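Below is one structure, written out as structure tokens, with a few remarks after it.
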């Protein structure tokens, strides 16, 4: 099932790059590294395996 779709597999509810999580709270692409200070954040838990 290769013939058909191409380009690049982009996100849908988190338009960010490698190693980032989009939070609906503040509305922005946060960094997974932020967890170091905010381990209990929406984007934190959403980052690893959305």
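Pairs of Cα atoms under 8 Å, at least six residues apart: use those to get the relative contact order of the chain, whole percent.
Once normalised by length, the contact order is 26 percent.
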Review point. Just 37, 14, 24 to compare: in a GNM of the chain, with alpha carbon springs under 10 Å, which one fluctuates most?
Key: 37
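Where does the chain land on Rg(C-alpha)/(2.2 N^0.38 Å)? Each step should come with its number before you reach the end.
Numbers: Rg = 13.3 Å, N = 50, 2.2 N^0.38 = 9.7 Å.
Ratio of Rg to 2.2 N^0.38 Å for the chain: 1.37.
We did not get these values from a lab; they are worked out from the coordinates using the rules stated.
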